[PDB]
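Starting off, we have a lone chain in the form deposited without the RNA, written out as structure tokens.
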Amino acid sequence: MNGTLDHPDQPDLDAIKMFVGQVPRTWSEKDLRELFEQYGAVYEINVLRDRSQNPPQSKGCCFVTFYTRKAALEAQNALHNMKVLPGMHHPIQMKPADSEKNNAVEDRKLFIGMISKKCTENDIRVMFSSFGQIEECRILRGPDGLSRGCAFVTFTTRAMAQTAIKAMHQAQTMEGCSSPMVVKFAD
């Protein structure tokens, strides 16, 4: 028969989801499945294109779902949120559930190069708290006796993060240490 109980055997979507961008698409769908099979036990694979017409065209995107999450672990080492291919002329991008990359912190990153030695990591939070909600606060200091002068920050909304730039990048500590200050979103 045919029925979409949504949970005929698996009462949890704790399996695994994968998203790919810029895939050769030089082969068929079934054949494509084989490629993902090398990462574990696949289950459902769908490739987008939309009747492969002119207005749409195969966007080279494919998402696969597995049945053995344990097997999916290996795939992470094989690709993870960041993957690198030869680069000759056959690039493909494989990432797993961008919504739960786990490395959501990287989603919003700020980089500071020159900061006052009298700056602590949590202390940095205080200044950034003036902007909005902060996900993570990081500072780099050396046991030389003071902070080497570098800091990393993670900010909920990129827009809010941009504000920090104006507060630092467009201000500089020309009063406490008398030196330009640079802060920019990671890339």
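Start at 1 with the first residue shown and count on from there.
One more form of this protein exists, namely the form solved in complex with the RNA; it is left out here, but the text below deals with it.
Put simply, of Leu48, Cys150, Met160, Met127 only one has a heavy atom within 4.5 Å of the RNA in the bound PDB entry, and it is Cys150. Among the residues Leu146, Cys61, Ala41, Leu140, the one placing a heavy atom within 4.5 Å of the RNA in the bound PDB entry is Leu140. You can rule out all but one of 132-140, 61-69, 29-37, 48-56: in the bound PDB entry, only 132-140 has residues with a heavy atom within 4.5 Å of the RNA. Though the partner is left out of this view, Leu73 does not reach within 4.5 Å of the RNA in the bound PDB entry, counting heavy atoms only. Within this chain, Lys101 is remote from the site of the RNA in the bound PDB entry, having no heavy atom within 4.5 Å. Contact annotation: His90 falls outside 4.5 Å of the RNA in the bound PDB entry, judged by heavy atom distances.
When contacts are judged by a 4.5 Å heavy atom cut-off, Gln172 does not count as touching the RNA in the bound PDB entry. Of the residues in 57-77, none comes within 4.5 Å of the RNA in the bound PDB entry through any heavy atom.
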